[PDB]
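Below: the structure, in structure tokens.
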Amino acid sequence: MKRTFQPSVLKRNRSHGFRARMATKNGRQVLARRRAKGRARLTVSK
Amino acid sequence: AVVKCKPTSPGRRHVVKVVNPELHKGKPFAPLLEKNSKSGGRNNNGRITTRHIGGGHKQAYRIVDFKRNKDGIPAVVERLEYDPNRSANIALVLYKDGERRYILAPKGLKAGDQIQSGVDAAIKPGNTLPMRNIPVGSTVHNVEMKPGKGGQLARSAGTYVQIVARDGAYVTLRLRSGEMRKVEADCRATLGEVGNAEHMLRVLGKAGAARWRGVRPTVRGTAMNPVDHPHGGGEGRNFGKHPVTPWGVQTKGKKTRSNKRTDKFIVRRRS
RNA sequence: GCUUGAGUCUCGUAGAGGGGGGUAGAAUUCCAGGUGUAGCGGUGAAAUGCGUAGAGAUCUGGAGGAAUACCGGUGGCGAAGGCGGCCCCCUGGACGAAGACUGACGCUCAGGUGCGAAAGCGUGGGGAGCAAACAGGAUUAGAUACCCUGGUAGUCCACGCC
RNA sequence: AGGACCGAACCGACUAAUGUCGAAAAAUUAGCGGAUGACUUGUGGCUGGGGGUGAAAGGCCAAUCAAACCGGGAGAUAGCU
RNA sequence: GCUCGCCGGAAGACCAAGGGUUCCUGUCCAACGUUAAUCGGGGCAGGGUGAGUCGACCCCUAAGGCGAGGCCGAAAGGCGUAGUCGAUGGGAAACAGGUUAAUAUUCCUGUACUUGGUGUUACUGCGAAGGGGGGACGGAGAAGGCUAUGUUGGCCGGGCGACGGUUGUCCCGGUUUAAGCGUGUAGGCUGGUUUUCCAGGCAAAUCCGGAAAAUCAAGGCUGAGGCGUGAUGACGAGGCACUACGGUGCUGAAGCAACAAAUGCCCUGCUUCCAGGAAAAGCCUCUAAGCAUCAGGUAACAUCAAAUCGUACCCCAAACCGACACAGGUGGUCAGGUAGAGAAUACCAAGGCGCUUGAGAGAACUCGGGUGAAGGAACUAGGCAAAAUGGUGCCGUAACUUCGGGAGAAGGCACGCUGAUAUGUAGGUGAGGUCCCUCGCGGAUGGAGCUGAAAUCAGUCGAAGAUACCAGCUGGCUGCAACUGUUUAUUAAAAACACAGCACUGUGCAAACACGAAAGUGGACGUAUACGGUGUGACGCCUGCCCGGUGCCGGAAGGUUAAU
RNA sequence: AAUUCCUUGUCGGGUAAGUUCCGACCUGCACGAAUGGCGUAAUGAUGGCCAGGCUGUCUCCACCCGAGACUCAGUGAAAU
RNA sequence: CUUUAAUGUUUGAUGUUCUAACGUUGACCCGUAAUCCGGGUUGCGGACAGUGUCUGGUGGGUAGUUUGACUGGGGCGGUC
RNA sequence: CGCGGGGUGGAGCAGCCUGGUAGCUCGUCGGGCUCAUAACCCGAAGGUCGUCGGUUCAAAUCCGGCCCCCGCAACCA
């Protein structure tokens, strides 16, 4: 059995990273909410 | 020519290869190569526009001169190469000025011949010239559509365009599929038929014989489901419907000819 | 060894002999257009079919494929089957003439090899007409026959096979 | 030469046993099929919800698929418990 | 610490990924560990990751993403040119030994290498977003030449060994050495040089290409390994000396030959076949726009710089992914002895572990297994499971056939050890000696040493000689499907799907059709011997009749016919 | 017959005994010619059937070797 | 009223031709080293094609939905 | 069990629907033809409309009971 989570930081940061969200309107709508919830872990990074 | 392989193994007991000894077994001419990409049948959107296409094998694009814009300069045929992209051979020729190019290898042409383009060339296979200097009744290929375009019709193996008549500014072409189309006389063409005529004689034999060619397995309709295709469903092969494409358009008999900006040109229909 | 067997060389004669590449004429079918009008086609009589959507007849033009009127005759050629519009090219065989030459190399020939009408088969093209099979209309006691209107394979070409 | 054969690493998953509050939310063991190809694999991208993808089973799309997950319509509505 | 057992193409040793101090030392046991715990990957405090040569960043691009303008779209936004990013790709450069409780091709010692700047001396024309060469490439198969490595021998050191023997053909340990430079070999590729001309290379060209000639026959490019050197250096078994008794300091002999031989290297070769096998830059080279007492370039030398980041530890697992210290899953490299075809397998070497609950009893019963008289499928839905066959060489082998097969059909014979042919044959490798020379990594000849099948004969041992692990059950008839292959991940592997082939039909290219409100793409930088849809499904013989119903195609005279 | 309801059709072969199997006759409830038909060498982790071989499958189980089960110490659940 | 003929006039249905709208996924140049695009020459089609509005037709490709109740269980038959 | 249809000279079929009169062909009989037969020609006979009963001026016909035949249905656990 091959579990559904093979870690790969580069793939993690390009598809769900800060910059990819910052590039689009929808991602920016996302980032708007994260600050609207007072969440510390805004995006996924080091 | 044609050669039938031996039944030594299951899968090789039906393949038929077409052997051509005059083919240049060496490497392809370097200066005329560029990267050709395999699409897998997807557009800009990446969704499959046309199925059954993909996988295959990597092949290199060769810039072939269909245009024949150079004029009145004799050439020397160096070697006949097997082109990966075309169903016909290609000839690596060199003019008297020192420039090398590829032309669609015609029927009667060997290694070490002489060909030239322009109206100064007489009638001989390989020569390229406008149709208003070509005697009617002759046989050509690589005919242009708009003057200076380069050539578009009957480029594959064995295909040939015969000219019926010349009504002044318009010459009549009796196409390969029996169609009768007119074209502006200013366009060019190349005398003689296209080589590698036994391309149709070749049978594939294996299943992968089509696979590396760039094809994907084709699935039948009565094996699918209602949600995936108009056919399918049932409980034991129930067709009972008029054969349509995966998008509802009735096939096996339905003319979808609709251009109208070109209907002046077609004189006769396929029959 | 000789020469009357047989074979060869020199010069000519006649021919649908065989093969490949082109060209020409009449006619047929279809397509397009004009003139023009109620029949056209067919037979023992008739009917199916075609026709006022305007046929057939007629004229003009074009696209095509197959066979070559008269010459043509129990005439010719080739071993046979078989082959005829004409032309170019390659080429086989037969006969005659006045001589020379080799010097019996000859005759037949199971096995064997090759060619071998048409029909038929396979791969690939072309497809006018004709036409198995077949449908329809008549004949008929019955007609899955003879006849008529349509009509596929095939008939034609290239490469093999039988 | 071979979608060639016997057969390891590798991939796949036909038979039985064990397991089923398991060691494991489909595994292990003893035998298996393929095994130079339509093979397999790594890295990195592309196609997405009435759509994608599919050698086509209505299978797969993060253990969920004859229409995914999360938030909002919305305290849907219920002659029913 | 003394024994035993286990893996040993892994349960060993190193990397990428991914985690994130888990690595090491001291100390502590309440909580974590399925038992105790002075123990540990657990708490607490401290220490450790040292780079111009490793990788990344950098240069340059592929798939593809972003995308000035631009086209298009209610808006959001979509596509896309020039450019700009993006490796798993290509491009400069280091090895040996030693040292730590933990890191080291990074630190020290020894010996080298690479990319640029500045300055100096002597010469000389340099110079792009532009041209060319190169970089630059496929599958498969076989041979030759070597190496890592292993064995034997020589040699050196030690021992002669607690029950019979062993100063001898006895036993054990060691016998290691690179990068770079020089030589330029086995082998492979290819005819050089020179003069002249040109519609060729968006412009130019002395460079490439092409076209005529002369001269001479080789020159040149590339290339593992070997031999020297690197190195009278290091290492090195064993002694000698101090013990916090863990180890440190000191010293240090032999260091060669032969044989076997890789899946590694030469080989990013050569042959052959086909499905016909990146791009750009670094580098090399030629010029335009221009600049010339310059500037730049070639060569030598001196000096300086080579920055930033990661570097610990785990990495086939108690540290990654599975909620767990989970019998699962995880790509790449190195990979020995004997037997064996082999990375199978058996037992071991190096190395690393005994799986973190055990002590007793030996009941029924359950699972993993050993054996079984007599019969041998009577079991049962059914020969399901076990059992048995099982290797090599050779003998031999039917119906049918698409003439390939079927077939390893079936059924059989010989397999151990010793001697002899022969103080080890055929064969392979191959030094010394002799000789020649276009003198070197050369070629003939020569044959010692070394190594080593297999065949035959004779003799002998056990019940059994492929003795274990390992390792086909086979024959007959017949349904479906041609066969390989694929699929219901996690109850269905099949007769289902695909398949090549065939048939029908649509499309004349701004092609048909499909994605997308549109542009733009795919189709195809292909064009009827092509592409799209459908049906059937190798191959052999075939594939009959019907145009009423539905659909489709063709023709449109008539009736009817929306908007206007 | 992957098709045949009636049916375990009838006949012959195979067994001591054959609702399956194999070969045929045609009464085809309701085969059939690319929703392709009838055959077919080879191939198949395929369906049905027979024979040899081989055995614990069975007649009928019998003994032994280990892991649990039982007792003792430490730890310590679950469905309900 | 029917049949009709010359002219004037009114628009309609077709045919041929031209070039200015427009198309141009033909050749060439510039912006620009850029196969996008825009503009400019030229050639070819040509008032078609194509597009917007109105409208007839085809239309399970697509969407929202309907498909009764009684019934000695339901279905079917029958009834209302 | 339920639903639809059918039963007509010797035979195979119309007519029923929407009631008063039953038709087509083959077969048969007598004659003609031919030497004889078939075929062909001429003319004619032949039918309780399954059975019984009711409704009606009148029943093959409208309806119902029963008999025989054909098709459909006899299903979901």
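Here's how to read the names in the structure tokens: chain A, B, ... by the order shown, residue numbers from 1 in each chain, ligand numbers from 1 in the order shown.
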Next item on the list: Give me the residues within 6 Å of segment 42-50 of chain H as an MDAnalysis selection string, counting only C-alpha atoms (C1' of nucleotides) and dropping any in the same chain fewer than 4 places off.
Entry: chainID H and resid 7:9 60
Restrict the selected residues to C-alpha atoms (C1' of nucleotides) and save them as a PDB file, in the first residue's frame.
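The result, stored in result-v8.pdb:
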```
ATOM      1  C1'   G H   7     -64.716 -21.503 -35.665  1.00  0.00           C
ATOM      2  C1'   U H   8     -68.601 -19.890 -42.599  1.00  0.00           C
ATOM      3  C1'   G H   9     -70.083 -25.533 -48.672  1.00  0.00           C
ATOM      4  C1'   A H  60     -73.338 -14.767 -39.462  1.00  0.00           C
TER       5        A H  60
END
```
Next item on the list: Pick out the residues sitting within 10 Å of segment 14-24 of chain F, and hand them over as an NGL selection string; count only C-alpha atoms (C1' of nucleotides), and ignore anything fewer than 2 positions along from it in its own chain.
Entry: (:E and (477-478)) or (:F and (7-8 or 11-12 or 48-50))
Cut-off 10 Å: closest chain F/chain B atom pairs per residue, using only C-alpha atoms (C1' of nucleotides), as a tab-separated table:
```
residue	atom	partner	partner_atom	distance
F:35	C1'	B:239	CA	6.1
F:42	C1'	B:10	CA	8.2
F:43	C1'	B:10	CA	8.6
```
Taking only C-alpha atoms (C1' of nucleotides) into account, produce a table as JSON lines in which each residue of segment 171-235 of chain B with an atom at most 12 Å from an atom of segment 31-47 of chain G appears once, together with its shortest atom pair and the distance in Å to one decimal, ordered by chain and rising number.
```
{"residue": "B:183", "atom": "CA", "partner": "G:44", "partner_atom": "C1'", "distance": 10.7}
{"residue": "B:184", "atom": "CA", "partner": "G:44", "partner_atom": "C1'", "distance": 8.4}
{"residue": "B:185", "atom": "CA", "partner": "G:44", "partner_atom": "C1'", "distance": 11.3}
{"residue": "B:186", "atom": "CA", "partner": "G:43", "partner_atom": "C1'", "distance": 10.0}
{"residue": "B:187", "atom": "CA", "partner": "G:44", "partner_atom": "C1'", "distance": 11.3}
```
May I have the selected residues written with C-alpha atoms, as a PDB file, in the first residue's frame?
```pdb
ATOM      1  CA  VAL B 183      -7.486  26.820 -58.929  1.00  0.00           C
ATOM      2  CA  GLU B 184      -5.794  30.049 -60.013  1.00  0.00           C
ATOM      3  CA  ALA B 185      -3.308  29.352 -62.820  1.00  0.00           C
ATOM      4  CA  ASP B 186      -0.601  31.408 -61.093  1.00  0.00           C
ATOM      5  CA  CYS B 187      -0.091  28.614 -58.560  1.00  0.00           C
TER       6      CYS B 187
END
```
Next item on the list: Can you check which residues of chain A have any atom within 12 Å of chain D? Use only C-alpha atoms (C1' of nucleotides) and format it as a ChimeraX atom specification.
Entry: /A:1-6,8,10-11,14-15,30,33
Export, as a PDB file, in the first residue's frame, the selected residues with C-alpha atoms.
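Okay, part32.pdb is ready:
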```pdb
ATOM      1  CA  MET A   1       0.000   0.000   0.000  1.00  0.00           C
ATOM      2  CA  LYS A   2       1.182   3.494  -0.924  1.00  0.00           C
ATOM      3  CA  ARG A   3      -0.215   6.075   1.496  1.00  0.00           C
ATOM      4  CA  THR A   4      -1.712   9.280   0.087  1.00  0.00           C
ATOM      5  CA  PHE A   5       0.987  11.729   1.166  1.00  0.00           C
ATOM      6  CA  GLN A   6       4.449  11.583  -0.368  1.00  0.00           C
ATOM      7  CA  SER A   8       7.962  16.962  -1.570  1.00  0.00           C
ATOM      8  CA  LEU A  10       8.901  22.019  -3.846  1.00  0.00           C
ATOM      9  CA  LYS A  11       5.590  20.529  -4.971  1.00  0.00           C
ATOM     10  CA  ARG A  14       4.373  25.740  -5.784  1.00  0.00           C
ATOM     11  CA  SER A  15       0.801  24.463  -5.636  1.00  0.00           C
ATOM     12  CA  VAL A  30      -8.096  33.347   0.510  1.00  0.00           C
ATOM     13  CA  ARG A  33      -9.825  35.440   5.148  1.00  0.00           C
TER      14      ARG A  33
END
```
Could you give me, as a PDB file with N, CA, C and O atoms (P, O5', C5', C4', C3', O3' and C1' of nucleotides), in the first residue's frame, the residues within 10 Å of residue 31 of chain C, counting only C-alpha atoms (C1' of nucleotides) and dropping anything in the same chain fewer than 4 positions from it?
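What ended up in result24.pdb:
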```
ATOM      1  N   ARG B 268     -17.200  19.243 -59.107  1.00  0.00           N
ATOM      2  CA  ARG B 268     -17.780  17.911 -58.990  1.00  0.00           C
ATOM      3  C   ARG B 268     -17.595  17.359 -57.583  1.00  0.00           C
ATOM      4  O   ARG B 268     -16.588  17.632 -56.923  1.00  0.00           O
TER       5      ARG B 268
ATOM      6  P     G C  62     -14.969  19.735 -76.262  1.00  0.00           P
ATOM      7  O5'   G C  62     -15.068  19.192 -74.767  1.00  0.00           O
ATOM      8  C5'   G C  62     -14.792  20.060 -73.650  1.00  0.00           C
ATOM      9  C4'   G C  62     -15.218  19.410 -72.353  1.00  0.00           C
ATOM     10  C3'   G C  62     -14.669  18.022 -72.078  1.00  0.00           C
ATOM     11  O3'   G C  62     -13.335  18.087 -71.581  1.00  0.00           O
ATOM     12  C1'   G C  62     -16.977  18.073 -71.568  1.00  0.00           C
ATOM     13  P     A C  63     -12.382  16.799 -71.681  1.00  0.00           P
ATOM     14  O5'   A C  63     -12.950  15.822 -70.558  1.00  0.00           O
ATOM     15  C5'   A C  63     -13.074  16.258 -69.189  1.00  0.00           C
ATOM     16  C4'   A C  63     -13.762  15.196 -68.364  1.00  0.00           C
ATOM     17  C3'   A C  63     -13.147  13.809 -68.458  1.00  0.00           C
ATOM     18  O3'   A C  63     -12.043  13.697 -67.562  1.00  0.00           O
ATOM     19  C1'   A C  63     -15.494  13.655 -68.723  1.00  0.00           C
TER      20        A C  63
END
```
Next item on the list: May I have the residues within 10 Å of residue 34 of chain B as a list in words, using only C-alpha atoms (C1' of nucleotides) and disregarding those fewer than 4 positions away in the same chain?
Entry: residues 30, 60, 61, 62 and 63 of chain B; 278 and 279 of chain E
Note to self: Give me, as a PyMOL selection string, the residues of chain D touching chain B, with the criterion being at most 12 Å (counting only C-alpha atoms (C1' of nucleotides)).
What the structure shows: chain D and resi 1-5+37-38+45-48+50-59+66-67
Item checked: Top pick for closest residue to residue 357 of chain E, considering F:73, F:78, F:34, F:62 and counting only C-alpha atoms (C1' of nucleotides) ->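 Smallest distance to residue 357 of chain E is found for F:73.
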Check: For chain C, which residues have at least one atom within 12 Å of chain B, if we go by only C-alpha atoms (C1' of nucleotides)? Write them as a PyMOL selection string, please.
Finding: chain C and resi 31-32+62-64+123-127+159
Write out the residues from the selection above, keeping C-alpha atoms (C1' of nucleotides), as a PDB file, in the first residue's frame.
```pdb
ATOM      1  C1'   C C  31     -23.105  15.172 -66.555  1.00  0.00           C
ATOM      2  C1'   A C  32     -24.280  20.575 -67.995  1.00  0.00           C
ATOM      3  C1'   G C  62     -16.977  18.073 -71.568  1.00  0.00           C
ATOM      4  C1'   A C  63     -15.494  13.655 -68.723  1.00  0.00           C
ATOM      5  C1'   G C  64     -14.251   8.611 -69.328  1.00  0.00           C
ATOM      6  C1'   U C 123      -3.274  -7.634 -53.234  1.00  0.00           C
ATOM      7  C1'   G C 124      -4.015  -2.984 -55.319  1.00  0.00           C
ATOM      8  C1'   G C 125      -6.445   0.469 -59.121  1.00  0.00           C
ATOM      9  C1'   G C 126     -10.145   1.571 -62.777  1.00  0.00           C
ATOM     10  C1'   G C 127     -15.433   0.913 -63.827  1.00  0.00           C
ATOM     11  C1'   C C 159       2.019  -8.672 -59.918  1.00  0.00           C
TER      12        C C 159
END
```
Next item on the list: Mind listing the helix (DSSP H, G or I) residues of segment 24-268 of chain B, per DSSP on the backbone, as a ChimeraX atom specification?
Entry: /B:30-32,197-201,208-211,221-223
Check: Residues at most 8 Å from residue 27 of chain G, counting only C-alpha atoms (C1' of nucleotides), excluding those fewer than 6 positions away in the same chain, as a ChimeraX atom specification?
Finding: /B:147-149
